[PDB]
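The primary structure of each chain is shown beneath.
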Amino acid sequence: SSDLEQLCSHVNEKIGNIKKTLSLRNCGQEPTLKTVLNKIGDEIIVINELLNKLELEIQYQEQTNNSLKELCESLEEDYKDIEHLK
Amino acid sequence: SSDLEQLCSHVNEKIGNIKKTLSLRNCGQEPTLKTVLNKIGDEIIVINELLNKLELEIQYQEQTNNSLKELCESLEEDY
Amino acid sequence: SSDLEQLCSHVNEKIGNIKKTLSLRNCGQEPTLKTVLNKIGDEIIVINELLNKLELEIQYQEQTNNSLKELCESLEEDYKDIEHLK
Amino acid sequence: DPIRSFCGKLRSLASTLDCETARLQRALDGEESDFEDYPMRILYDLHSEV
């Protein structure tokens, strides 16, 4: 708003913009960060494969859930016909 | 408005307030101003008396104007 | 005017108010400041007496300066006497 | 009052300019420690999340 405030914001922007370009340099150069960054990045790849496995395991679970029900109509059909005998 | 602007106005007020209290001192002490100020103040007293005279002169003016009508009607009667 | 800005100003006021009460403590306790503060305060007293002297010296000046006129008009009446006595 | 009220704002913009130019140089230079220490701590939290 004011000429004063507008200056401050100009400053914080320069300050902040450095700090960002700072962390960009640090994280891409300094080794201790760079590992923890790859350790996360790798652990993303595995936690991604763990999804695909959970995807298929949900599918065979599904396939089984219906096969259990189509099994369930079968043994629930012939309880009706023996019960008519008895 | 801004902390900056608010300061300025504080300043102008101090500045302006001096300048007024300055002219108050000047006009009430310095002789050349103090005469021209009395010259006006005196010429107010006269231009005030000139009003009272204009007041009475209007009054009789109005007095005579209707007396002048008081005539002009009476002549228009006999014809 | 924002809730954010209003906070900042609350902060600066607390920060600034400390810094003032800080300098008040420093200047009234710490010796090196406290001398330079008395050195100024003393040198005010002298520069004040130097004014009174300049006041009289102006005043004893102003008073012999019209007396340069009183001796000016007296040596003038003497001049018109070389006109008359020559 | 209005004399410092202005300056107080101005001052903070200074103090900020002071403080951050200092540290940002250090950070550029490899000192100051806050800049390799904290991104670690939040990267390690981020890791712990994953």
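As documented in the archive entry, the model was determined using X-ray crystallography at 3.320 Å resolution.

A. Quick peek at the overall build of chain A. Scanning chain A from N- to C-terminus turns up 2 helices and 0 strands. In terms of overall dimensions, chain A is more spread out than a globule: its C-alpha atoms have a radius of gyration of 32 Å, far above the 12 Å expected for 86 residues. For chain A, the C-alpha atoms occupy an extent of roughly 95 × 40 × 15 Å along the three principal directions.

B. Representation of the interface of chain A and chain D. Counting residues at the interface gives 21 residues for chain A and 18 residues for chain D. Those elements giving two or more residues to the side of chain A that touches chain D turn out to be helix 1 (3–29) and helix 2 (31–85) of chain A. With 11 residues, helix 1 of chain A is the largest single contributor of residues to the side of chain A that touches chain D. Looking at the side of chain A that touches chain D, its residues break down into 13 nonpolar, 3 polar and 5 charged.

C. Region of interest: the arrangement of the chains. Of all 5 pairs of chains in contact, the one with the most contacts involves chains A and D. For chain B and chain C, which are not in contact, the least C-alpha distance works out to 10 Å.

D. Region of the structure containing unusual backbone geometry. Located in the positive-phi region is D:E32, a residue other than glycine, with phi close to 75 degrees. Among the structural elements, D:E32 can be located in the loop between helix 1 (2–29) and helix 2 (34–49).

E. View of the packing of helix 1 of chain A against helix 2 of chain A. Residues and elements named next belong to chain A. The geometry of helix 1 relative to helix 2 is characterised by a closest axis approach of 5 Å and an angle of 80 degrees between their N-to-C directions. Regarding the angle of helix 1 to helix 2, the classification is roughly perpendicular. Of the residues in helix 2, those touching helix 1 at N26, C27, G28 and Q29 are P31, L33 and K34. Broken down by class, the residue content of the contact of helix 1 with helix 2 amounts to 3 nonpolar, 3 polar and 1 charged.

F. Looking closely at the side chain of D:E32. Looking at D:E32, its side chain comes within polar contact range of the side chain of D:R26, at 2.9 Å. Among residues more than four places away in sequence, those in contact with D:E32 are D:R23, D:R26 and D:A27.

G. The arrangement of the packing of helix 1 of chain A against helix 2 of chain D in detail. Interhelical geometry of helix 1 of chain A versus helix 2 of chain D gives an angle of 75 degrees and a closest axis separation of 11 Å. Relative to helix 2 of chain D, the element helix 1 of chain A is oriented roughly perpendicular. Taking contact as the criterion, the partners of A:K19, A:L22, A:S23 and A:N26 in helix 1 of chain A are, on helix 2 of chain D, D:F35, D:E36 and D:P39. Taken together, the residues that form the contact of helix 1 of chain A with helix 2 of chain D break down as 3 nonpolar, 2 polar and 2 charged.

Basis of the calculations
- Residues numbered from 1 in each chain as written, not as in the entry; some residues may be left out.
- Chains lettered and ligands numbered in written order.
- Part of a larger assembly, values for the part shown.
- Heavy atoms only, no water.
- Residues with missing side-chain atoms left out of burial classes, pairs and counts.
- Helix = DSSP H or I, 4+ residues; strand = E, 2+ residues; numbered from the N terminus.
- Rg over C-alpha atoms; globule rule 2.2 N^0.38 Å.
- Contact = heavy atoms within 4.5 Å.
- Nonpolar A, V, L, I, M, F, W, Y, C, P; charged D, E, K, R; others polar.
- Axes fitted to C-alpha atoms, helices over the stretch in contact; angles between N-to-C directions.
- Parallel < 35°, antiparallel > 145°, perpendicular 65-115°, else oblique.
- Polar contact = N/O pair within 3.5 Å; in protein donor to acceptor, adjacent residues only side chain to side chain.

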